[PDB]
Amino acid sequence: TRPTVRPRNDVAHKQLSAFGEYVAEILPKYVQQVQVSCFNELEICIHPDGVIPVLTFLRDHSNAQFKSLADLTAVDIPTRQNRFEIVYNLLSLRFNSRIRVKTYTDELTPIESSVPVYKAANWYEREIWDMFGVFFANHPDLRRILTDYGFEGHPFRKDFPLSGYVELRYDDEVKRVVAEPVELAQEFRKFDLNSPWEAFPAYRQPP
Amino acid sequence: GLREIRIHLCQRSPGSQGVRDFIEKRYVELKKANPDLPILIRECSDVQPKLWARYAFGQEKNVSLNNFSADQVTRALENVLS
Amino acid sequence: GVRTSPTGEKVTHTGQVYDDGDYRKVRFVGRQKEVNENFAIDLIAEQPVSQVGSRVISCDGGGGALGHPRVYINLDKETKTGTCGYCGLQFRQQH
Amino acid sequence: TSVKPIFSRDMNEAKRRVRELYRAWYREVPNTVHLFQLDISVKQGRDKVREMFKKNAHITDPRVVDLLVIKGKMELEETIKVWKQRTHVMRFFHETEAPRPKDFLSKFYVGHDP
Amino acid sequence: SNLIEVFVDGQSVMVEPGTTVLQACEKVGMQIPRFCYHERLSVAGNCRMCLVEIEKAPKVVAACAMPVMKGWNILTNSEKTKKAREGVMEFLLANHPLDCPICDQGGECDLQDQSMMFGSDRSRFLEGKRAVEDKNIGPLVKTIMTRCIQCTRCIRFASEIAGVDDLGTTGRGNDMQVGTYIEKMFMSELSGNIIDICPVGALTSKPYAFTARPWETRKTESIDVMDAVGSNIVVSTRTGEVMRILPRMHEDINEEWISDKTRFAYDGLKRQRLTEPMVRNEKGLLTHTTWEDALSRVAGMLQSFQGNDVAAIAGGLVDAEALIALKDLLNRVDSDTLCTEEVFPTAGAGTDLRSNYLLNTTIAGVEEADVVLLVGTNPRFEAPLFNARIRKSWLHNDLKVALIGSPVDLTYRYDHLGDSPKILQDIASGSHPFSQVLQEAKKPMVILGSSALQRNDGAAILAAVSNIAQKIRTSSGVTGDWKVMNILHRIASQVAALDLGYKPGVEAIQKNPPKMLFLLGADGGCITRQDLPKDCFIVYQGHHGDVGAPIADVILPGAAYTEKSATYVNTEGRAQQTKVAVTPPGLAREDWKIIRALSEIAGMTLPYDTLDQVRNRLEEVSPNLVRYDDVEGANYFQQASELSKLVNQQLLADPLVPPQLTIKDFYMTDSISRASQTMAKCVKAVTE
Amino acid sequence: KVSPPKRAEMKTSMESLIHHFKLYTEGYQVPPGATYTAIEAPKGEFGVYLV
Amino acid sequence: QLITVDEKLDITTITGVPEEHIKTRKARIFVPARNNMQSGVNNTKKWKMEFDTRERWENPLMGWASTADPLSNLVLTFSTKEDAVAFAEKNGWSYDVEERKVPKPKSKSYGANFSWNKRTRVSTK
Amino acid sequence: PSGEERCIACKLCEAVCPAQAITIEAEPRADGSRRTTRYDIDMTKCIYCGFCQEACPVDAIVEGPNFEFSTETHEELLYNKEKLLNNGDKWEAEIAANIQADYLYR
Amino acid sequence: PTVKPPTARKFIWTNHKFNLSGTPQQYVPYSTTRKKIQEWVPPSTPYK
Ligand code: SF4
Ligand code: SF4
Ligand code: SF4
Ligand code: SF4
Ligand code: FES
Ligand SMILES: [K+]
Ligand SMILES: [Zn+2]
């Protein structure tokens with residue numbers, strides 16, 4: 001009855017809350033947090049040791065049946081001691097539902113490869129290793145997938161500069177493409193856009 | 001010859017008490033004797049007390065004065081001035 | 001208006017022109033320097049001042065929603081005209 | 001200070017992996033010079049290999065060493081299978097880059113970079 | 001103890017009595033919308049944008065002006081609160097002009113931003129708007145008064161902070177107009193701050209007009225060097241160009257203000273610049289050359305002289321790194337003639353004791369003083385943000401201020417004791433009636449201007465003033481840790497130079513004329529070629545071609561304060577460092593690097609290669625020079641007084657007359673401000 | 001506050017001009033959160049994990 | 001099972017960053033100052049890390065501002081000072097930290113505007 | 001219509017440009033007018049998205065109907081303010097008619 | 001345009017021009033702004 005406001009679906013919110021604690025009851029050894037967003041998405045926050053038990057349970061359990069790995073990715077949050085957050089987005093065709101499973105790691109701690117659970121994860125984990133430097137243990141074939149051969153660094157890290165450190169050109173003297181330190185005829189212009197007035201009181205953090 | 005004397009000490013640390021005693025007691029007489037010699041006393045918190053001497057052509061020597069007595073500090077400057 | 005520098009290079013409406021000894025003018029040799037000949041500062045000054053019978057007038061640039069945001073101009077000072085900060089049209093109060 | 005290892009429990013296991021990778025690279029240089037038809041000599045290739053190992057000689061963290069060995073092996077697999085091209089192999093030699101001075105005065109004349 | 005309990009959205013917070021509703025909300029991290037309220041101005045309560053609901057109370061209160069009451073629950077996000085903001089914003093925007101595209105405030109406008117956050121998304125105003133005529137208040141502030149929202153911030157700032165009652169409101173109702181009524185210029189030394197406090201584009205910077213938008217500027221946090229106050233600033237740059245200067249809040253220095261010279265003299269950095277090394281050709285004319293040739297000539301001359309034959313003069317904008325590097329270089333040829341242009345009496349302790357030449361009470365200490373004695377100083381123009389702190393105490397603490405010197409306008413009423421230096425001897429002997437005030441005072445503060453020490457009897461003046469403070473502290477009735485004696489400096493580089501052991505004043509150079517002379521940014525003209533041997537070799541290192549450069553044999557272009565990370569010590573002794581906002585232009589280089597490079601060519605290489613290493617050297621000479629933002633206390637004032645009494649001195653009969661008597665002498669006092677085309681406009685306006 | 005106003009309103013109303021100005025410089029703020037949103041794209045499931 | 005690693009975390013050899021942009025750079029860890037043109041304080045909440053400014057020069061063709069500094073635009077946000085310092089330690093950057101500047105609490109009193117005998121009495125509203 | 005430039009150097013087009021293809025500098029003209037001294041479009045950065053003409057409050061910057069301007073050199077696609085003003089003078093007759101047909105959908 | 005002629009403006013080109021790329025009258029880019037920093041000019045007389 002409010003034309004511009006997105007309607008709530010409290011039935012789906014109720015159902016996802018019940019399932020969220022159902023998973024927390026069965027996997028207490030690993031589950032660290034369960035939350036449901038106001039737009040009705042369920043997230044399970046687990047200890048990284050539980051990637052295989054948790055994903056295997058969600059795939060194989062008769063009340064889960066998340067047979068499809070929709071997406072697997074990482075987020076870099078430099079302010080955290082475990083800067084990388086690993087995010088699994090799963091879909092259950094049987095119950096027409098989605099679930100997100102999240103864990104964490106740093107630059108030196110390996111995460112178990114989930115290829116045994118989802119063969120779809122093979123390339124997703126190579127991409128995470130390529131763009132973030134997260135190492136996945138027991139991967140059948142871990143190597144760069146998106147960056148140029150011999151490329152150095154992990155571009156999706158927040159501290160990797162937007163334009164990188166090297167650029168390419170063809171050099172006539174050596175008769176080949178060469179890599180050289182990056183110089184920009186026009187520097188990218190950083191904009192300061194954030195307004196100094198708070199927009200969303202509901203998300204204010206204690207002082 | 002000698003060119004400059006710099007004394008660094010803490011305003012409050014007990015390791016600088018002897019140097020503070022020296023400045024309060026016998027700095028006026030040392031300066032009265034050496035009118036043309038710069039004796040730069042520079043206080044800064046939580047610093048180890050120290051005596052610096054600058055000689056001709058930029059040569060510098062430093063002597064620690066940590067936990068020195070007001071008497072020991074007097075001995076240290078006499079060595080430098082001689 | 002489009003002057004020509006003593007070298008002969010045309011001066012733009014921003015006052016730009018390479019000075020003598022500036023190598024960068026080599027880029028125009030065997031070619032030309034692109035200069036717009038219709039200086040906006042000269043053209044706007046050819047518009048007559050508009051006489052209005054009120055202390056405040058509004059300007060939207062003409063053409064309704066095709067002009068600029070509508071602003072209201074104060075005409076109280078008689079030592080000058082009221083100028084539109086968007087389009088530069090001038091207004092004066094009729095006695 | 002208790003952390004999950006990658007491959008090596010301690011630095012002695014890690015150095016064993018480092019020595020093994022050095023042998024694989026050492027054996028490969030003669031083939032790489034042949035397959036890619038490089039105008040450098042085998043000594044130059046092996047000197048470059050040695051140079052890359054010595055820039056990291058100060059590591060004391062087995063997990064960091066494990067990762068450098070992991071990256072070094074991917075680097076080697078790219079070369080052996082000729083996934084790299086001549087340009088990628090020669091990027092290690094920076095042929096077109098002019099020498100940047102290291103002394104103070106030379107830096108002072110050119111610009112402001114420390 | 002006396003804290004009362006209130007609630008913000010049901011969250012308990014304990015506040016002192018007298019805390020406003022607006023302040024109570026800040027303690028839980030919420031910012032109430034505002035326009036007329038400013039924490040450094042008197043409460044107004046007129047904009048009504050801070051209206052907020054108190055639970056189970058029918059009427060909304062002005063959060064900025066309403067003291068909280070025990071047990072109040074402040075509903076800062078209620079439907080009633082939100083609808084009050086929407087109504088007020090709607091009235092604010094009714095007559096506001098559709099100017100944002102042409103308004104300089106766009107992108108950093110509180111009206112835009114609070115309309116987005118707290119206002120409606122559309123208009124129902126179907127009438128015509130008000131239009132107001134514009135008002136000329138001088139060359140620094142542009143007034144587009146149709147944008148004014150009648151918040152009266154400028155009026156309150158002009159009265160309370162600048163001490164000028166020129167701004168006001170005329171008429172009433174919807175026609176009420178902010179202005180001066182008559183045609184009048186508002187040209188206080190603090191006038192540029194009304195640009196910042198004005199929440200809309202009604203008052204904007206004329207020099208900055210139209211050049212940039214807020215989102216595209218990069219902000220470098222730096223330090224001002226136009227005085228010895230050390231005002232914290234933000235340099236705004238864009239695509240390698242300095243666009244404007246803004247204040248940076250520092251409660252213990254400049255609060256959130258800056259002077260007009262600090263704010264508007266940056267355009268002198270764009271003109272009259274030294275960009276290439278220069279040597280004298282075969283006809284005695286300066287011509288461009290390379291660094292290698294320029295440094296070789298200096299190094300060749302440096303290697304052929306020693307001792308008194310080599311001297312240097314440091315100007316007013318020099319940094320500690322350059323100072324120590326040049327001192328070490330001359331030391332390696334056994335030269336000790338490191339001089340400054342600004343005189344300090346070297347009698348007695350001289351610069352041996354930091355307390356002898358510092359503002360020992362600190363700037364923020366003025367707010368604890370109960371009596372202030374100003375001697376031979378126009379702090380209004382010598383240290384404008386220090387004079388604002390005095391007026392703040394004079395206003396909020398009923399501070400008593402007395403002055404010995406010319407009866408200049410300080411913007412607050414003081415007690416003029418007379419301009420005769422003999423008056424000091426009468427205060428000390430107890431003859432003068434004001435002598436009784438100091439004895440009564442529980443926290444007296446005596447401030448001697450560094451300008452009064454530029455006289456030929458500065459040593460007498462310091463001893464006389466030092467004597468007065470000595471009696472006050474010995475007389476008892478003053479807490480032990482209170483500092484009475486103060487020196488107010490006007491040169492950014494003076495305190496750092498005295499810390500490092502420079503001789504204050506060029507007297508030594510006159511005593512022993514040198515064969516080779518270094519002018520490290522020295523543009524006061526204290527030494528000319530007429531005071532030097534006929535074939536003297538003068539090297540000028542600086543950033544502006546002004547006074548020193550046209551007499552030099554070699555010119556070594558250096559960096560300005562916006563172009564280097566360099567250390568400056570303010571009048572309190574607090575060390576601060578600038579940051580690089582843009583790099584130096586052309587072939588110019590960082591100043592300590594020029595001396596370090598010159599040292600290698602001369603075969604006398606200094607033992608530091610990086611900025612961290614030269615700063616480690618500074619710590620060796622004076623450890624306080626690397627404790628940034630810390631004010632290290634200096635004691636041993638009793639020792640300084642004893643030495644100062646040893647040698648009798650006679651005062652002159654000259655009355656104390658500061659170098660600056662009115663505003664026109666404020667705008668140009670250094671090379672950067674002298675090259676500023678804006679400062680020239682200000683001088684013309686205030687003298688015509 | 002999400003969708004820019006019509007051009008005619010931007011040139012007449014003070015609120016519309018402000019909102020146009022801010023939407024085309026700063027842009028609208030999005031409340032903190034994360035969603036995986038997917039559609040039946042012609043090539044299959046196309047999704048965005050937007051943080 | 002876990003192992004004991006008794007070293008300070010140091011990842012400079014596995015980040016790919018060139019040697020020049022690890023040891024010649026100077027990070028600044030600070031809380032940004034309020035833009036004094038506005039009263040909002042929402043941009044003074046978090047800690048920032050930024051690097052030293054380097055040369056920008058004019059492109060000969062168009063006059064644009066050119067740069068050879070890959071870190072010119074790199075700005076990192078942190079929740080606390082400790083997080084920023086830990087990030088700089090493990091990356092090998094030399095850093096300077098600056099204390100957060102919080103505004104002092106002020107005593108505000110509307111009634112002071114009308115004082116019987118004090119100087120705070122105002123001459124206009 | 002008087003020949004005055006519509007552009008007032010508000011920089012909204014520069015702010016919204018997804019490709020950062022617009023570069024602008026401005027200052028007070030010899031009269032008091034707010035006008036640009038630099039207005040560049042790197043046509044090899046531009047994605048021809050039209051956000052700039054949507055963002056413009058005065059219809060100063062538009063994308064015209066011309067699509068036959070391929071060049072022999074890269075530099076010929078780095079348009080400065082003179083080139084863009086010439087484009088407007090060259091194409092205004094068609095541009096004004098196209099805006100006339102579509103402005104009621106905007 | 002015969003039936004619906006375009007609106008006449010003084011500034012509109014009277015003579016249309018085709019693509020000039022590759023000719024002496026092609027467009028050449030340049031910076032339209034003036035020098036930003038003024039360099040000090042030494043005195044033209046000797047005095048030292
Ligand atoms: S003061 Fe603010 S709201 Fe008013 S025209 Fe200027 S930017 Fe727009
Ligand atoms: S000019 Fe600005 S500060 Fe002064 S009353 Fe108007 S809006 Fe307020
Ligand atoms: S059309 Fe081109 S210039 Fe305009 S906003 Fe899009 S990318 Fe930028
Ligand atoms: S073209 Fe339009 S949007 Fe761009 S700066 Fe000019 S007036 Fe503003
Ligand atoms: S901020 Fe309270 S009424 Fe203005
Ligand atoms: K303002
Ligand atoms: Zn108009």
Side-chain angles (χ1 to χ4, degrees), chain A residues 74-80 83-84 107 131-133 147 151-167 181-194, chain D residues 112-114, chain E residues 215-221 234-240 565 579-583, chain F residues 51, chain G residues 10-33 43 46-57 65-81 83-98, chain H residues 20:
Chain A
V75 187
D76 182 30
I77 299 102
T79 191
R80 293 175 187 177
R83 63 192 287 196
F84 304 115
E107 302 90 316
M131 310 319 278
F132 292 93
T147 55
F151 181 91
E152 273 299 314
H154 302 291
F156 283 11
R157 288 183 181 187
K158 285 276 169 175
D159 59 326
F160 188 92
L162 173 59
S163 297
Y165 299 101
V166 301
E167 59 179 341
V182 70
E183 291 182 355
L184 291 168
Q186 176 164 46
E187 173 190 19
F188 180 85
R189 284 163 279 164
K190 170 160 66 59
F191 284 175
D192 283 335
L193 297 180
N194 287 159
Chain D
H112 322 269
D113 291 331
Chain E
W215 55 83
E216 82 201 336
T217 60
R218 303 154 177 278
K219 295 79 153 167
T220 307
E221 294 173 351
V234 165
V235 186
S236 310
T237 71
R238 187 206 55 199
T239 56
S565 180
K579 298 284 171 185
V580 166
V582 308
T583 47
Chain F
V51 183
Chain G
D10 202 69
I11 57 157
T12 80
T13 56
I14 52 154
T15 56
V17 182
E19 175 188 35
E20 178 197 359
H21 299 112
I22 290 165
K23 47 198 91 173
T24 65
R25 309 315 304 260
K26 173 61 68 151
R28 199 171 75 100
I29 294 155
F30 68 111
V31 179
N43 287 330
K46 302 280 145 203
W47 288 82
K48 293 293 175 302
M49 176 178 307
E50 84 194 356
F51 291 82
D52 52 310
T53 286
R54 302 211 161 171
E55 173 177 32
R56 304 176 163 104
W57 71 92
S66 308
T67 191
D69 173 16
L71 302 187
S72 51
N73 297 311
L74 167 57
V75 182
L76 297 159
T77 306
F78 294 91
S79 306
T80 69
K81 188 213 282 166
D83 297 329
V85 171
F87 194 83
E89 294 293 329
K90 76 172 161 180
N91 270 281
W93 291 313
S94 166
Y95 56 91
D96 264 9
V97 185
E98 296 169 26
Chain H
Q20 288 220 332

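So that the names make sense, note that chain A is the first sequence line, chain B the second, and so on, each numbered from 1.
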Aromatic plane relationship, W93(G) with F51(G) - under 30° parallel, 30 to 60° tilted, over 60° perpendicular: perpendicular

Donor-acceptor contact present, side-chain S66(G) to main-chain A185(A), <3.5 Å: yes

Minimal non-hydrogen separation, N73(G) against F188(A), with atom names: ND2-O, 2.9 Å

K90(G): which of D10(G), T15(G), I11(G) passes side-chain contact (heavy atoms from CB on, under 4.5 Å): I11(G)

Side-chain heavy-atom pair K579(E), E50(G) within 4.5 angstrom cut-off: no

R54(G) and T24(G) side chains, donor-acceptor separation under 3.5 Å: yes

Shortest non-hydrogen contact between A27(G) and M49(G), atoms and distance: CB-CG, 4.0 Å

Minimum side-chain heavy-atom gap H21(G)-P161(A) below 4.5 Å: no

Donor-acceptor pair, side chain of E221(E) and main chain of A33(G), under 3.5 angstrom: yes

Pair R189(A)-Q20(H), side-chain contact (heavy atoms from CB on, under 4.5 Å): steps then yes or no: CA-CA 8 Å; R189(A) 284 163 279 164; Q20(H) 288 220 332; 3.8 Å; yes

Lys/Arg N to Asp/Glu carboxylate O, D83(G) vs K46(G), below 4.0 Å: no

Plane angle bin for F132(A) and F156(A) - parallel if under 30°, tilted between 30 and 60°, otherwise perpendicular: perpendicular

Donor-acceptor contact present, side-chain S79(G) to main-chain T79(A), <3.5 Å: no

Minimum heavy-atom distance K48(G)-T77(G), with the two atoms named: CE-OG1, 3.4 Å

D159(A) side, atom CG; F87(G) side, atom CZ - distance, nearest 0.5 Å: 3.5 Å

Any donor-acceptor pair under 3.5 Å from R25(G) side chain to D52(G) backbone: yes

Beyond-backbone contact of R157(A) with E107(A), side-chain heavy atoms, under 4.5 angstrom: yes

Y95(G) to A88(G) - nearest heavy-atom pair and separation: CD2-CB, 3.7 Å

Electrostatic pair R83(A):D76(A) at N-O distance under 4.0 angstrom: yes

Minimum heavy-atom distance between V182(A) and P70(G), given as atom pair plus value: CG1-CB, 4.4 Å

